[PDB]
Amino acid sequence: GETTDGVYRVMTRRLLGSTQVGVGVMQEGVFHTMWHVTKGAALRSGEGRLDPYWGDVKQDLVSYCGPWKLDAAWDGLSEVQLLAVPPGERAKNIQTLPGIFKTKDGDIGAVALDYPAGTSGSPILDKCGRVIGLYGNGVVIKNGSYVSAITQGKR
């Protein structure tokens, strides 16, 4: 068990070696990631078993040890930063101006940043360092390129 805020790798020791399935945000004692990463399964902190608190397959979001605590949102104006944490690579910030996912229920921010599978759950930041969403759920365009939504839950 650990209390340290920060970005975390979600690894898998047993399956296909210690591989990376995704990334996650630890804040205020609560761990946040994308649902398809853990499938709402309990996780290990080395000494502490972290259990899912809230989940949503539709939003592709799950939280551990507490409710979803991230509520910062993209201002539809500023440039953001994907704190990308790719498998077997050091974390790095990637600045960009979000595109737009246009749905029937309104519009949400989308980032045209292409990173390998296992990067899902990587935080997207505003210029105050606040997490305005997670990376890893989106679409593939004709290019073969990748566009992810800025997936954010309610608090």
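The numbering used is simple: start at 1 and walk along the sequence shown.
- Quick one: say whether 10 to 18 or 131 to 139 has the higher mean Cα B-factor in the deposited entry. If you average the C-alpha B-factors of 10 to 18 and of 131 to 139, the larger mean comes out for 10 to 18.
- Would you determine, from the values in the PDB entry, which of 25 to 33 and 40 to 48 has the greater average C-alpha temperature factor? Taking the mean B-factor of the alpha carbons in each, 40 to 48 is higher.
- Of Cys65, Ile124, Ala110, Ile94, which one's C-alpha B factor is largest in the deposited record? That would be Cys65.
- Query: Lowest, middle or highest third: where is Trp54 by C-alpha B factor in its chain?
  - Reply: Answer is highest: the recorded C-alpha B-factor places it there.
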